[PDB]
């Protein structure tokens, strides 16, 4: 009864990566836990729109951490964003343009993603297969905005490789950089993480990490799994994730998180 807040990621934890569907028993149990006074936080790499749809039946009662920790919001208002300073994302744009010309790039806000090339295969994949809201513009460096939460570099097959000689060392002390496969390099504001964002909420509600329960499945969940008073790793996760967590639960295809949540009722 010491748990005052529960945070969980989604993809590969509650549902198959990218799923739009989730067992309604999750909604009933979470609603019941919230009614018992527990704060429930969806904490994911996903965009707000995606989280808000998946949890549609009880969307009004949740807190949301989106885009890997760059936005923290209630159903009606943004509490905190971790945007990138203009010199950082515009500087990145200029560098990719001038020094990594074989690569493409994108600049994202919480609501949409800016691109200079709307005719590319990857642009089409993002918009029409992944369902991202995209906005084509002539020049990202000419935008006037205060909500750039991610700058991303793309190459079909050697993105990180091309970014390594100059881009990565030029920015990795000034921003948070992470490769994704052979095709992407994602950059966010320095210090951004799921735990940073979650800590913001923990503090806001005058709680302590010891009063938190986290569920996860990814190496990027390790810090929250370690810092939370109680935590669970899905059993199909990597060894390091399992080791970070206080316990394990069953995979999403066995509704493992559901079973633990029920045990808190």
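Residue numbers count along the first chain shown, from 1.
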Next item on the list: Tell me which of 164 to 172 and 141 to 149 has the higher mean C-alpha B-factor in the deposited entry.
Entry: 141 to 149
Notebook entry, point to check: According to the deposited model, is the average Cα temperature factor higher in 192 to 200 or in 206 to 214?
Noted result: 206 to 214
Next item on the list: Looking at the entry's B-factor column for C-alpha atoms only, identify whether residue 110 ranks in the lowest, middle or highest third of its chain.
Entry: middle
Notebook entry, point to check: What third of its chain's C-alpha B-factors does residue 119 belong to: lowest, middle or highest?
Noted result: highest
Notebook entry, point to check: Taking the C-alpha B-factors as the PDB entry records them, is residue 265 in the lowest, middle or highest third of its chain?
Noted result: highest
Check: residue 7's Cα B-factor: lowest, middle or highest third of the chain?
Finding: lowest
Next item on the list: Could you say whether, by C-alpha temperature factor, residue 235 belongs to the lowest, middle or highest third of its chain?
Entry: highest
